[PDB]
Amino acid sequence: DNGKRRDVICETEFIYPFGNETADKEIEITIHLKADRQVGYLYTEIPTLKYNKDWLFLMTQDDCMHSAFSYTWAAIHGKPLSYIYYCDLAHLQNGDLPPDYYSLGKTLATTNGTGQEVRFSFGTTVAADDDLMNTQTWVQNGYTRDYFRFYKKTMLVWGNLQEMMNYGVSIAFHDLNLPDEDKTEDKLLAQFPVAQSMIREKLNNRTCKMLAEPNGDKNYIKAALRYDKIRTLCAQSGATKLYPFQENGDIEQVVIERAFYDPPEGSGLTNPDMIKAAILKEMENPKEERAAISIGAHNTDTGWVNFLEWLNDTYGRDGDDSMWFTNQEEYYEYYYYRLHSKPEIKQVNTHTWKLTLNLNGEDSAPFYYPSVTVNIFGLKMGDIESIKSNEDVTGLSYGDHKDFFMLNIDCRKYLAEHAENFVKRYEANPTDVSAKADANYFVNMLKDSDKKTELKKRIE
């Protein structure tokens, strides 16, 4: 019975097994060349930004907001949107949608530079030690007497956040749930692991390794720096301003500057108006002198949805494709690999070269974004007879870029299985056009294989 009220705990049927991700990746890629396209010499690098992007946009949405799901995530991933309401996951799964619902008709993405979509990524803070994350969702298809079930909640329910994990949304600590008098450096230190245990229990044993500083409260940063699982941090003051082409240090336990770009009081401008103006200013500089556009957000709304679309249309897939729009954790990991991994290429015989690269994250937890770009100078797509890879590579996309050759290499261990999970969801919901687009998007991340061919057949 569709029409009957139900109050449910939002749940998703699978979550990427983050706990199982391997820490160490050994990449071996064998490039076989055409007979009359023998090359004398190849050399390699990991470029400054993933996908050979020119500049970096980082986004962390604070306060574990309902709109992180209903507006930010929904707009990026081609999902149903409202102008004034807030869907939970269970609304989308049941098709119980608010009465003003619309959709943009596209996802919001860049490309990877080798012909695939890369949807915008971002981080949300988590109130993991707050029992309000356990709130139920009222689902009731066809009930129009009111829309109270779609009102803004004080924060995300766990199910919303679990689902977002399947799309590579990142996580960060923020406020911890202690009385205000107890928010001393030592007491905050002791509470980090308590929140961490809930994060791990709920998010398939993902370890959170970021703090987004709340309230300008430096006790949080002082405490976080004594908790070794936190590897990266952000704040508005007491931070380093990231210039991605200049930055030379270790950034382990470095507080990276972020800004909210508040509009001047009574000016009728919005935070997105101010961020838009800041981007335009920054883009006038040569890419090497540009700062990262590193934003915080609180509640997101229609204005933010339009802004995200503007980014897709101006600097993403539907514009110049010059931006890397990502979360700080993914960026941190990539910087780490760029600093510490050393790609090599060795000639095996006259027409065969072997590319090798070890990806090893830090000791605390795994890295969850083990994907890199490798550029090969002196090679073109047209020279290549075939490319083969080892088992550690699960996604592989390649092609020409400027006068050289680029490979996008994903080493997420369970990526094929994850892609198959989206295929199964589509198979259980074959009239949902969004479910089909998600299956296609994830299956397209896979390297050429028997499994990829099988999954492609299932989603024709």
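In case it trips you up, residue 1 is the first one in the sequence shown, and so on.
Novice: Please compare 363-371 with 161-169 and say which has the higher mean C-alpha temperature factor in the record.
Specialist: The stretch with the larger average C-alpha B-factor is 363-371.
Novice: Looking only at CA atoms, which has the higher mean B factor in the entry: 390-398 or 36-44?
Specialist: It is 36-44 that shows the higher mean C-alpha B-factor.
Novice: Considering only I76, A212, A90, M155, which residue's Cα atom bears the greatest B-factor as recorded?
Specialist: Reading the PDB entry, the winner on C-alpha B-factor is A90.
Novice: Sort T124, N271, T326, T110 by C-alpha B-factor from the entry and give me just the highest.
Specialist: Checking the PDB record, the top C-alpha B-factor among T124, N271, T326, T110 is at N271.
Novice: What third of the chain does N408 rank in for C-alpha temperature factor, lowest, middle or highest?
Specialist: Within its chain, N408 is a lowest-third residue by C-alpha B-factor, going by the deposited values.
Novice: Which third of the chain does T232 land in by C-alpha B-factor: lowest, middle or highest?
Specialist: Answer is lowest: the recorded C-alpha B-factor places it there.
Novice: Relative to the other modelled residues of the same chain, rank the CA B-factor of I459 and answer lowest, middle or highest third.
Specialist: Its C-alpha B-factor, which the entry lists for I459, ranks in the highest third among residues of this chain.
Novice: Is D62 in the lowest, middle or highest third of its chain when residues are ranked by C-alpha B-factor?
Specialist: Middle third by C-alpha B-factor.
Novice: Which third, lowest, middle or highest, does the C-alpha temperature factor of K241 belong to within its own chain?
Specialist: Its C-alpha B-factor belongs to the middle third of this chain's values.
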